[PDB]
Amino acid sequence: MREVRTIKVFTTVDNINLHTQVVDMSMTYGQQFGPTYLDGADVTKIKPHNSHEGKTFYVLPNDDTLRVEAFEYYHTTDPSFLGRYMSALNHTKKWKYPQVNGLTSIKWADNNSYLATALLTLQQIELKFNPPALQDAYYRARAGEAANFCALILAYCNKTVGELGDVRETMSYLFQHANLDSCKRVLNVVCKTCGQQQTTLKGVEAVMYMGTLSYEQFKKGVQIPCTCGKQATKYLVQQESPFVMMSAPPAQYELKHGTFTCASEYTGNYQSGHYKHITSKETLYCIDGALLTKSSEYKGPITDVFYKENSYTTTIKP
């Protein structure tokens, strides 16, 4: 064969901006591009095919044009992000995403129940992501194709497919990448020996609390240790957010219809467990991936409860 036989392909980091390439079919993609992927699959050690003509390949950002695009799209500089995203995508593109009670869920696979619950929660709270990658993928998940959204969640949370996940920790990562700058929380803490003390929390900190599942109990007061050695009380002074997340180590808890938005239930230990999702609508639905049951009341090992909010100020006279 005289001269090199070639094909035209496009490389990308964000799957929107394309970069024309002529590739030599006698060499692998890795020899010509560095690590290369085709819709999640690692083709780095593969030589081009005629069927590859015109297709888009993900590559790592090795030149300043790809770097600017990658960061603008993903808001990250982690050198392994894009590989980790493609590894996850190769699995999540195979998962199933059924509509359960009007929401996009995920049929159980690969220990993914924490992702199912996280995805179902997102569709019930008001949240705008900042990274365009997350906006595009979330919009597409809402409509049914969550494969890219779930791979991105995995990649942002630095969990690989199959690894144990926490819903609260995942929610925390996603909240970091969301506009919550309009959120504010004022707390006060009362100690018999030490006195009063107010604290103001902003952004993410201000919509997550660890220690009680009850927003009522949070408004009324909760007991905590003080530097002196005694128990002090912490109560909510003011709240400004479209939702609040209350979390605590899993514990038997009664979910009362119409008193909360949705919740996470965790059964197991630190080694091994399973998440179910409970949403309060016309009744209480339990969504367990593809599975759906209902009940008028619920008692279970609850670990996260989501409530909604706009503005709240305490009637407690300090």
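The numbering used is simple: start at 1 and walk along the sequence shown.
Here 186 to 194 and 152 to 160 are compared by their mean Cα B-factor, and 186 to 194 comes out higher. For the pair 196 to 204 and 88 to 96, the mean Cα B-factor is higher in 196 to 204.
In this structure the maximum Cα B-factor among 244, 167, 122, 226 is found at 226.
Each of 277, 47, 67, 274 has a CA temperature factor in the record; the biggest one is found at 47.
In the deposited entry, the Cα temperature factor of residue 25 places it in the highest third of its chain's modelled residues. Among all modelled residues in its chain, residue 254 ranks in the highest third by Cα B-factor. Residue 75: CA B factor in the lowest third of modelled residues in this chain (values from the PDB entry). In the deposited entry, the Cα temperature factor of residue 232 places it in the highest third of its chain's modelled residues. The deposited CA B-factor of residue 35 belongs to the middle third of values across its chain.
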